[PDB]
Amino acid sequence: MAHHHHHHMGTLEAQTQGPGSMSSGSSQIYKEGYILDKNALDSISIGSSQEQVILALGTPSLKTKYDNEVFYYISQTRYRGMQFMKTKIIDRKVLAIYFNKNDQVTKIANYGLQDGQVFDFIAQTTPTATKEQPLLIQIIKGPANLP
């Protein structure tokens, strides 16, 4: 059976007058807020107050006063739960807030990645782990062990 093809179109308007002025600029927007992700804790920056860093990461499990006083965050696990699934995204990372007596961070030490792979910012060194097995997290979870 032959199917027919319907169609109908009307006229149009055409304004020849139009402003010719294009502007050019530059704006780079990059940030995150994945609080449920262990990368997010990178949000704290030098200067940030003790209350801020602890409000973001948590209160430090380790604390010591040397003339540049420092609080060590050792992100710890919990009790001997059901040992069925060997969780790989667990926390054993070492962070250290070197702050001034004005309760403000003047140096942030980190064990973990820096915008990519494991990088000791304060050490300026870059350790490496075969990305084969441990793709996003596991890389930082690998060497995640307090010395």
# chains A, B, ... in the order shown; residues from 1 in each chain; ligands from 1

call {"tool": "residues_around", "arguments": {"residues": "residue A:51", "least_positions_apart": "2", "cutoff": "12 Å", "atoms": "only C-alpha atoms", "output": "number ranges by chain"}}
result
A: 44, 47-49, 53-60, 71, 97, 99, 102-105

call {"tool": "residues_around", "arguments": {"residues": "residue A:96", "least_positions_apart": "5", "cutoff": "8 Å", "atoms": "only C-alpha atoms", "output": "list in words"}}
result
residues 70, 71, 72, 73, 108, 109 and 110 of chain A

call {"tool": "write_last_selection", "arguments": {"atoms": "N, CA and C atoms", "output": "mmCIF file, in the first residue's frame"}}
result
data_model
loop_
_atom_site.group_PDB
_atom_site.id
_atom_site.type_symbol
_atom_site.label_atom_id
_atom_site.label_comp_id
_atom_site.auth_asym_id
_atom_site.auth_seq_id
_atom_site.Cartn_x
_atom_site.Cartn_y
_atom_site.Cartn_z
ATOM 1 N N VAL A 70 52.334 20.341 65.315
ATOM 2 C CA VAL A 70 51.695 19.563 64.258
ATOM 3 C C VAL A 70 50.695 18.542 64.807
ATOM 4 N N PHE A 71 49.584 18.403 64.085
ATOM 5 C CA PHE A 71 48.569 17.399 64.377
ATOM 6 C C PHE A 71 48.540 16.351 63.264
ATOM 7 N N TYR A 72 48.764 15.094 63.625
ATOM 8 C CA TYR A 72 48.757 13.992 62.668
ATOM 9 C C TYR A 72 47.388 13.304 62.623
ATOM 10 N N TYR A 73 46.752 13.377 61.456
ATOM 11 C CA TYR A 73 45.523 12.646 61.188
ATOM 12 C C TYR A 73 45.870 11.275 60.629
ATOM 13 N N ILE A 108 51.002 21.942 55.182
ATOM 14 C CA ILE A 108 50.152 20.751 55.112
ATOM 15 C C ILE A 108 50.936 19.577 54.532
ATOM 16 N N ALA A 109 51.159 18.550 55.347
ATOM 17 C CA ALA A 109 51.813 17.326 54.893
ATOM 18 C C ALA A 109 50.768 16.259 54.606
ATOM 19 N N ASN A 110 50.993 15.485 53.554
ATOM 20 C CA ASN A 110 50.006 14.517 53.095
ATOM 21 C C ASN A 110 50.666 13.229 52.626
#

call {"tool": "closest_residue", "arguments": {"among": "A:86, A:75, A:114, A:81", "to": "residue A:145", "atoms": "only C-alpha atoms"}}
result
A:75

call {"tool": "select_by_dssp", "arguments": {"residues": "chain A", "states": "helix (DSSP H, G or I)", "output": "number ranges by chain"}}
result
A: 40-43, 50-57, 138-141

call {"tool": "select_by_dssp", "arguments": {"residues": "chain A", "states": "strand (DSSP E)", "output": "JSON list (two decimals) with C-alpha atoms, in the first residue's frame"}}
result
[["chain", "number", "residue", "atom", "x", "y", "z"],
["A", 62, "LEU", "CA", 48.03, 11.91, 66.86],
["A", 63, "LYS", "CA", 49.25, 15.28, 68.19],
["A", 64, "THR", "CA", 52.70, 16.68, 69.03],
["A", 70, "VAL", "CA", 51.69, 19.56, 64.26],
["A", 71, "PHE", "CA", 48.57, 17.40, 64.38],
["A", 72, "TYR", "CA", 48.76, 13.99, 62.67],
["A", 73, "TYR", "CA", 45.52, 12.65, 61.19],
["A", 74, "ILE", "CA", 45.74, 8.88, 60.90],
["A", 94, "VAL", "CA", 48.57, 9.87, 57.08],
["A", 95, "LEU", "CA", 47.95, 13.63, 57.08],
["A", 96, "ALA", "CA", 49.85, 16.16, 59.19],
["A", 97, "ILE", "CA", 48.78, 19.74, 59.85],
["A", 98, "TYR", "CA", 51.81, 21.87, 60.72],
["A", 99, "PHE", "CA", 50.21, 25.01, 62.12],
["A", 100, "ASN", "CA", 51.05, 28.17, 64.03],
["A", 104, "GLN", "CA", 46.42, 28.36, 61.52],
["A", 105, "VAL", "CA", 48.03, 25.87, 59.16],
["A", 106, "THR", "CA", 51.40, 27.02, 57.84],
["A", 107, "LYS", "CA", 52.33, 23.67, 56.28],
["A", 108, "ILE", "CA", 50.15, 20.75, 55.11],
["A", 109, "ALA", "CA", 51.81, 17.33, 54.89],
["A", 110, "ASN", "CA", 50.01, 14.52, 53.10]]

call {"tool": "decode", "arguments": {"residues": "stretch 54-98 of chain A", "atoms": "N, CA and C atoms", "output": "short mmCIF file (atom, residue, chain, number, x, y, z; two decimals), in the first residue's frame"}}
result
data_model
loop_
_atom_site.label_atom_id
_atom_site.label_comp_id
_atom_site.auth_asym_id
_atom_site.auth_seq_id
_atom_site.Cartn_x
_atom_site.Cartn_y
_atom_site.Cartn_z
N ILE A 54 40.08 20.46 60.96
CA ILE A 54 39.47 19.38 61.75
C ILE A 54 37.99 19.22 61.40
N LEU A 55 37.31 20.32 61.09
CA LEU A 55 35.91 20.26 60.70
C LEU A 55 35.76 19.53 59.37
N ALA A 56 36.78 19.66 58.52
CA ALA A 56 36.77 19.02 57.21
C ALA A 56 37.22 17.55 57.28
N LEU A 57 38.37 17.31 57.92
CA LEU A 57 38.98 15.97 57.94
C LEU A 57 38.60 15.18 59.20
N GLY A 58 38.52 15.88 60.33
CA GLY A 58 38.29 15.22 61.61
C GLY A 58 39.33 15.63 62.63
N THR A 59 39.10 15.31 63.89
CA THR A 59 40.05 15.64 64.95
C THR A 59 41.22 14.64 64.93
N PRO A 60 42.46 15.14 65.10
CA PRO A 60 43.67 14.33 64.93
C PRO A 60 43.83 13.26 66.01
N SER A 61 44.10 12.05 65.56
CA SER A 61 44.35 10.93 66.44
C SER A 61 45.75 11.04 67.06
N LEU A 62 46.67 11.70 66.35
CA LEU A 62 48.03 11.91 66.86
C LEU A 62 48.32 13.41 66.91
N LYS A 63 48.97 13.86 67.98
CA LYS A 63 49.25 15.28 68.19
C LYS A 63 50.60 15.46 68.87
N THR A 64 51.41 16.41 68.40
CA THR A 64 52.70 16.68 69.03
C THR A 64 53.11 18.14 68.86
N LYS A 65 53.74 18.69 69.91
CA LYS A 65 54.19 20.07 69.87
C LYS A 65 55.72 20.15 69.79
N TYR A 66 56.18 20.53 68.62
CA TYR A 66 57.54 21.01 68.40
C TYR A 66 57.40 22.45 67.91
N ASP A 67 58.45 23.26 68.01
CA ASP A 67 58.32 24.72 67.80
C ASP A 67 57.47 25.09 66.56
N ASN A 68 57.30 24.13 65.64
CA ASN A 68 56.25 24.22 64.62
C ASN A 68 55.26 23.09 64.89
N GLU A 69 54.27 23.36 65.73
CA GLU A 69 53.38 22.33 66.27
C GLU A 69 52.57 21.65 65.16
N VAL A 70 52.33 20.34 65.31
CA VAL A 70 51.69 19.56 64.26
C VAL A 70 50.69 18.54 64.81
N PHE A 71 49.58 18.40 64.09
CA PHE A 71 48.57 17.40 64.38
C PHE A 71 48.54 16.35 63.26
N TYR A 72 48.76 15.09 63.63
CA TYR A 72 48.76 13.99 62.67
C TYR A 72 47.39 13.30 62.62
N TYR A 73 46.75 13.38 61.46
CA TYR A 73 45.52 12.65 61.19
C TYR A 73 45.87 11.27 60.63
N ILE A 74 45.66 10.24 61.41
CA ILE A 74 45.74 8.88 60.90
C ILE A 74 44.33 8.33 60.75
N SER A 75 43.82 8.40 59.53
CA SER A 75 42.47 7.94 59.24
C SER A 75 42.38 6.44 59.51
N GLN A 76 41.76 6.09 60.64
CA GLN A 76 41.72 4.71 61.11
C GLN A 76 40.40 4.03 60.76
N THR A 77 40.45 2.70 60.72
CA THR A 77 39.27 1.88 60.51
C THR A 77 38.54 1.67 61.85
N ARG A 78 37.65 0.67 61.91
CA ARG A 78 36.88 0.40 63.12
C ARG A 78 37.23 -0.97 63.72
N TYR A 79 36.34 -1.47 64.57
CA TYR A 79 36.53 -2.75 65.25
C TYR A 79 36.60 -3.91 64.26
N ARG A 80 36.82 -5.12 64.79
CA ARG A 80 36.90 -6.32 63.97
C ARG A 80 35.51 -6.71 63.44
N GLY A 81 35.06 -6.00 62.41
CA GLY A 81 33.76 -6.26 61.82
C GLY A 81 33.73 -7.57 61.04
N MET A 82 32.63 -7.82 60.35
CA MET A 82 32.46 -9.03 59.55
C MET A 82 33.53 -9.11 58.46
N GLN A 83 34.51 -9.99 58.66
CA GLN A 83 35.60 -10.16 57.71
C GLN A 83 35.15 -11.05 56.56
N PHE A 84 34.40 -10.47 55.65
CA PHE A 84 33.91 -11.17 54.46
C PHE A 84 34.49 -10.52 53.21
N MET A 85 34.19 -9.24 53.04
CA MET A 85 34.69 -8.46 51.92
C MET A 85 35.90 -7.64 52.36
N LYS A 86 37.05 -7.91 51.76
CA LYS A 86 38.26 -7.15 52.08
C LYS A 86 38.18 -5.78 51.42
N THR A 87 37.55 -4.84 52.12
CA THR A 87 37.38 -3.48 51.65
C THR A 87 38.71 -2.87 51.21
N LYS A 88 38.72 -2.26 50.02
CA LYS A 88 39.95 -1.72 49.43
C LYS A 88 39.97 -0.20 49.50
N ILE A 89 38.82 0.41 49.74
CA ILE A 89 38.70 1.87 49.77
C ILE A 89 38.82 2.40 51.21
N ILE A 90 39.16 1.50 52.14
CA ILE A 90 39.31 1.88 53.55
C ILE A 90 40.39 2.93 53.75
N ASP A 91 40.40 3.52 54.93
CA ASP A 91 41.31 4.62 55.24
C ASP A 91 42.44 4.17 56.15
N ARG A 92 43.66 4.49 55.74
CA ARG A 92 44.86 4.32 56.57
C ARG A 92 45.87 5.41 56.21
N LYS A 93 45.34 6.52 55.69
CA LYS A 93 46.15 7.62 55.18
C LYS A 93 46.73 8.45 56.32
N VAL A 94 47.91 9.02 56.09
CA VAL A 94 48.57 9.87 57.08
C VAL A 94 48.61 11.32 56.59
N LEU A 95 47.93 12.19 57.33
CA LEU A 95 47.95 13.63 57.08
C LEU A 95 48.56 14.31 58.29
N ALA A 96 49.25 15.42 58.08
CA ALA A 96 49.85 16.16 59.19
C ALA A 96 49.72 17.66 58.98
N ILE A 97 48.99 18.30 59.88
CA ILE A 97 48.78 19.74 59.85
C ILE A 97 49.83 20.45 60.71
N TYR A 98 50.82 21.03 60.05
CA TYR A 98 51.81 21.87 60.72
C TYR A 98 51.29 23.30 60.78
#
